[PDB]
file work-v7.cif (mmCIF, N, CA and C atoms; chains and numbers go by the auth columns)
data_final
loop_
_atom_site.group_PDB
_atom_site.id
_atom_site.type_symbol
_atom_site.label_atom_id
_atom_site.label_comp_id
_atom_site.label_asym_id
_atom_site.label_seq_id
_atom_site.Cartn_x
_atom_site.Cartn_y
_atom_site.Cartn_z
_atom_site.B_iso_or_equiv
_atom_site.auth_seq_id
_atom_site.auth_asym_id
ATOM 1 N N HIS A 1 1.575 -9.641 4.768 0.00 1 C
ATOM 2 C CA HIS A 1 2.269 -8.416 4.308 0.00 1 C
ATOM 3 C C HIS A 1 2.703 -7.466 5.455 0.00 1 C
ATOM 4 N N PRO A 2 3.784 -6.656 5.246 0.00 2 C
ATOM 5 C CA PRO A 2 4.107 -5.439 6.048 0.00 2 C
ATOM 6 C C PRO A 2 2.943 -4.393 6.183 0.00 2 C
ATOM 7 N N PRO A 3 3.124 -3.144 6.694 0.00 3 C
ATOM 8 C CA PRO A 3 2.153 -2.051 6.450 0.00 3 C
ATOM 9 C C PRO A 3 2.021 -1.719 4.953 0.00 3 C
ATOM 10 N N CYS A 4 0.803 -1.796 4.385 0.00 4 C
ATOM 11 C CA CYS A 4 0.658 -1.426 2.965 0.00 4 C
ATOM 12 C C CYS A 4 0.669 0.089 2.692 0.00 4 C
ATOM 13 N N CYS A 5 0.153 0.951 3.602 0.00 5 C
ATOM 14 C CA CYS A 5 0.384 2.381 3.484 0.00 5 C
ATOM 15 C C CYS A 5 1.546 2.679 4.440 0.00 5 C
ATOM 16 N N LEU A 6 2.724 2.691 3.827 0.00 6 C
ATOM 17 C CA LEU A 6 3.959 3.041 4.483 0.00 6 C
ATOM 18 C C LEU A 6 4.286 4.408 3.895 0.00 6 C
ATOM 19 N N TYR A 7 4.602 5.277 4.835 0.00 7 C
ATOM 20 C CA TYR A 7 4.786 6.722 4.600 0.00 7 C
ATOM 21 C C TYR A 7 3.477 7.499 4.145 0.00 7 C
ATOM 22 N N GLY A 8 2.326 6.912 4.496 0.00 8 C
ATOM 23 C CA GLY A 8 1.023 7.114 3.856 0.00 8 C
ATOM 24 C C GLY A 8 0.635 6.389 2.557 0.00 8 C
ATOM 25 N N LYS A 9 1.591 5.840 1.795 0.00 9 C
ATOM 26 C CA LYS A 9 1.460 5.686 0.339 0.00 9 C
ATOM 27 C C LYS A 9 1.582 4.212 -0.081 0.00 9 C
ATOM 28 N N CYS A 10 1.007 4.065 -1.263 0.00 10 C
ATOM 29 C CA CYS A 10 0.450 2.798 -1.758 0.00 10 C
ATOM 30 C C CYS A 10 1.491 1.950 -2.503 0.00 10 C
ATOM 31 N N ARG A 11 2.052 1.015 -1.733 0.00 11 C
ATOM 32 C CA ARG A 11 3.053 0.054 -2.191 0.00 11 C
ATOM 33 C C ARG A 11 2.394 -1.315 -2.498 0.00 11 C
ATOM 34 N N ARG A 12 3.031 -1.967 -3.469 0.00 12 C
ATOM 35 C CA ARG A 12 2.515 -3.122 -4.197 0.00 12 C
ATOM 36 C C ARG A 12 2.932 -4.499 -3.601 0.00 12 C
ATOM 37 N N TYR A 13 2.512 -4.711 -2.348 0.00 13 C
ATOM 38 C CA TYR A 13 2.584 -6.007 -1.651 0.00 13 C
ATOM 39 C C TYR A 13 1.343 -6.904 -1.974 0.00 13 C
ATOM 40 N N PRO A 14 1.346 -8.251 -1.721 0.00 14 C
ATOM 41 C CA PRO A 14 0.407 -9.168 -2.397 0.00 14 C
ATOM 42 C C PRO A 14 -1.017 -9.115 -1.775 0.00 14 C
ATOM 43 N N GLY A 15 -1.908 -8.455 -2.516 0.00 15 C
ATOM 44 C CA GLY A 15 -3.306 -8.206 -2.077 0.00 15 C
ATOM 45 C C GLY A 15 -3.639 -6.819 -1.456 0.00 15 C
ATOM 46 N N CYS A 16 -2.809 -5.790 -1.704 0.00 16 C
ATOM 47 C CA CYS A 16 -3.043 -4.386 -1.334 0.00 16 C
ATOM 48 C C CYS A 16 -3.576 -3.456 -2.483 0.00 16 C
ATOM 49 N N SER A 17 -3.989 -4.004 -3.639 0.00 17 C
ATOM 50 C CA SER A 17 -5.116 -3.432 -4.441 0.00 17 C
ATOM 51 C C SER A 17 -6.447 -3.094 -3.674 0.00 17 C
ATOM 52 N N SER A 18 -6.668 -3.691 -2.482 0.00 18 C
ATOM 53 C CA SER A 18 -7.655 -3.251 -1.475 0.00 18 C
ATOM 54 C C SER A 18 -7.076 -2.709 -0.134 0.00 18 C
ATOM 55 N N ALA A 19 -5.874 -2.097 -0.153 0.00 19 C
ATOM 56 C CA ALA A 19 -5.568 -0.951 0.721 0.00 19 C
ATOM 57 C C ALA A 19 -6.326 0.316 0.259 0.00 19 C
ATOM 58 N N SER A 20 -6.478 1.196 1.233 0.00 20 C
ATOM 59 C CA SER A 20 -7.222 2.446 1.085 0.00 20 C
ATOM 60 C C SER A 20 -6.454 3.699 0.579 0.00 20 C
ATOM 61 N N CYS A 21 -5.183 3.880 0.982 0.00 21 C
ATOM 62 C CA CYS A 21 -4.204 4.715 0.202 0.00 21 C
ATOM 63 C C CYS A 21 -4.002 4.398 -1.330 0.00 21 C
ATOM 64 N N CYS A 22 -4.310 3.152 -1.710 0.00 22 C
ATOM 65 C CA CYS A 22 -4.435 2.635 -3.087 0.00 22 C
ATOM 66 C C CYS A 22 -5.676 3.058 -3.918 0.00 22 C
ATOM 67 N N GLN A 23 -6.775 3.345 -3.230 0.00 23 C
ATOM 68 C CA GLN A 23 -7.997 3.941 -3.757 0.00 23 C
ATOM 69 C C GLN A 23 -7.851 5.401 -4.281 0.00 23 C
ATOM 70 N N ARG A 24 -7.207 6.341 -3.536 0.00 24 C
ATOM 71 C CA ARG A 24 -6.728 7.652 -4.063 0.00 24 C
ATOM 72 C C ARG A 24 -7.799 8.713 -4.506 0.00 24 C
#
call {"tool": "encode", "arguments": {"input": "work-v7.cif", "output": "structure tokens"}}
result
Amino acid sequence: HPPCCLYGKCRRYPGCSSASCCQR
């Protein structure tokens, strides 16, 4: 995947349900 927190914020690339901007 690219950066999952792009612009700080939580975009839906494959397996970024465990990015940290996604936790909120």
call {"tool": "resolve_selection", "arguments": {"input": "work-v7.cif", "expression": "the PyMOL selection byres ((chain C and resi 4-12) around 5)", "output": "VMD selection string"}}
result
chain C and resid 2 to 3 13 to 14 21 to 22
call {"tool": "write_last_selection", "arguments": {"input": "work-v7.cif", "atoms": "N, CA and C atoms", "output": "compact mmCIF listing (two decimals), in the frame of the given file"}}
result
# COMPACT_ATOMS: atom_id res chain seq x y z
N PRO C 2 3.78 -6.66 5.25
CA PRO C 2 4.11 -5.44 6.05
C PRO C 2 2.94 -4.39 6.18
N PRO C 3 3.12 -3.14 6.69
CA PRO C 3 2.15 -2.05 6.45
C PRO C 3 2.02 -1.72 4.95
N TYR C 13 2.51 -4.71 -2.35
CA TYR C 13 2.58 -6.01 -1.65
C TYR C 13 1.34 -6.90 -1.97
N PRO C 14 1.35 -8.25 -1.72
CA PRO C 14 0.41 -9.17 -2.40
C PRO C 14 -1.02 -9.12 -1.78
N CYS C 21 -5.18 3.88 0.98
CA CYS C 21 -4.20 4.72 0.20
C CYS C 21 -4.00 4.40 -1.33
N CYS C 22 -4.31 3.15 -1.71
CA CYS C 22 -4.43 2.64 -3.09
C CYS C 22 -5.68 3.06 -3.92
call {"tool": "atom_distance", "arguments": {"input": "work-v7.cif", "atom1": "atom C of residue 1 (chain C)", "atom2": "atom C of residue 16 (chain C)"}}
result
10.9 Å
call {"tool": "select_by_dssp", "arguments": {"input": "work-v7.cif", "residues": "chain C", "states": "strand (DSSP E)", "output": "ChimeraX atom specification"}}
result
/C:5-6,9-10
call {"tool": "decode", "arguments": {"input": "work-v7.cif", "residues": "region 2-23 of chain C", "atoms": "N, CA and C atoms", "output": "mmCIF file, in the first residue's frame"}}
result
data_model
loop_
_atom_site.group_PDB
_atom_site.id
_atom_site.type_symbol
_atom_site.label_atom_id
_atom_site.label_comp_id
_atom_site.auth_asym_id
_atom_site.auth_seq_id
_atom_site.Cartn_x
_atom_site.Cartn_y
_atom_site.Cartn_z
ATOM 1 N N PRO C 2 0.294 2.425 -0.552
ATOM 2 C CA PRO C 2 0.772 3.818 -0.307
ATOM 3 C C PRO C 2 0.899 4.231 1.203
ATOM 4 N N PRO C 3 1.114 5.514 1.606
ATOM 5 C CA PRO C 3 0.831 5.956 2.992
ATOM 6 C C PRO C 3 -0.655 5.799 3.356
ATOM 7 N N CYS C 4 -0.977 5.045 4.425
ATOM 8 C CA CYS C 4 -2.395 4.934 4.814
ATOM 9 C C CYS C 4 -2.959 6.170 5.540
ATOM 10 N N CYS C 5 -2.162 6.912 6.347
ATOM 11 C CA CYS C 5 -2.598 8.211 6.830
ATOM 12 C C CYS C 5 -1.935 9.230 5.893
ATOM 13 N N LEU C 6 -2.734 9.608 4.900
ATOM 14 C CA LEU C 6 -2.384 10.627 3.943
ATOM 15 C C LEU C 6 -3.278 11.795 4.340
ATOM 16 N N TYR C 7 -2.597 12.922 4.418
ATOM 17 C CA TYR C 7 -3.141 14.183 4.956
ATOM 18 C C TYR C 7 -3.506 14.150 6.502
ATOM 19 N N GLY C 8 -2.852 13.223 7.212
ATOM 20 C CA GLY C 8 -3.283 12.652 8.491
ATOM 21 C C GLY C 8 -4.326 11.525 8.567
ATOM 22 N N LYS C 9 -5.119 11.285 7.514
ATOM 23 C CA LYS C 9 -6.470 10.722 7.645
ATOM 24 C C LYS C 9 -6.606 9.405 6.864
ATOM 25 N N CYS C 10 -7.618 8.720 7.371
ATOM 26 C CA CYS C 10 -7.749 7.259 7.289
ATOM 27 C C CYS C 10 -8.482 6.805 6.017
ATOM 28 N N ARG C 11 -7.651 6.450 5.035
ATOM 29 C CA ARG C 11 -8.077 5.955 3.728
ATOM 30 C C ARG C 11 -7.989 4.408 3.675
ATOM 31 N N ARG C 12 -8.908 3.884 2.866
ATOM 32 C CA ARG C 12 -9.293 2.478 2.815
ATOM 33 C C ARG C 12 -8.519 1.634 1.759
ATOM 34 N N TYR C 13 -7.195 1.586 1.951
ATOM 35 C CA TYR C 13 -6.280 0.684 1.230
ATOM 36 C C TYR C 13 -6.198 -0.722 1.914
ATOM 37 N N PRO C 14 -5.690 -1.811 1.257
ATOM 38 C CA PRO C 14 -5.998 -3.189 1.687
ATOM 39 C C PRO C 14 -5.161 -3.620 2.925
ATOM 40 N N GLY C 15 -5.852 -3.640 4.066
ATOM 41 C CA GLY C 15 -5.235 -3.937 5.385
ATOM 42 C C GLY C 15 -4.851 -2.737 6.298
ATOM 43 N N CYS C 16 -5.438 -1.548 6.072
ATOM 44 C CA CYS C 16 -5.317 -0.353 6.921
ATOM 45 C C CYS C 16 -6.516 -0.087 7.901
ATOM 46 N N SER C 17 -7.452 -1.036 8.074
ATOM 47 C CA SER C 17 -8.143 -1.253 9.384
ATOM 48 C C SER C 17 -7.239 -1.360 10.667
ATOM 49 N N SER C 18 -5.932 -1.667 10.504
ATOM 50 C CA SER C 18 -4.876 -1.472 11.519
ATOM 51 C C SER C 18 -3.790 -0.406 11.186
ATOM 52 N N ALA C 19 -4.138 0.650 10.421
ATOM 53 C CA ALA C 19 -3.573 1.993 10.644
ATOM 54 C C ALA C 19 -4.137 2.625 11.938
ATOM 55 N N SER C 20 -3.344 3.560 12.431
ATOM 56 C CA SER C 20 -3.605 4.263 13.686
ATOM 57 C C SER C 20 -4.473 5.551 13.637
ATOM 58 N N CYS C 21 -4.341 6.376 12.581
ATOM 59 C CA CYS C 21 -5.428 7.330 12.166
ATOM 60 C C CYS C 21 -6.879 6.756 11.932
ATOM 61 N N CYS C 22 -6.946 5.453 11.634
ATOM 62 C CA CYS C 22 -8.152 4.601 11.582
ATOM 63 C C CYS C 22 -8.821 4.199 12.924
ATOM 64 N N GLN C 23 -8.023 4.131 13.983
ATOM 65 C CA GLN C 23 -8.437 3.962 15.371
ATOM 66 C C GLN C 23 -9.256 5.146 15.968
#
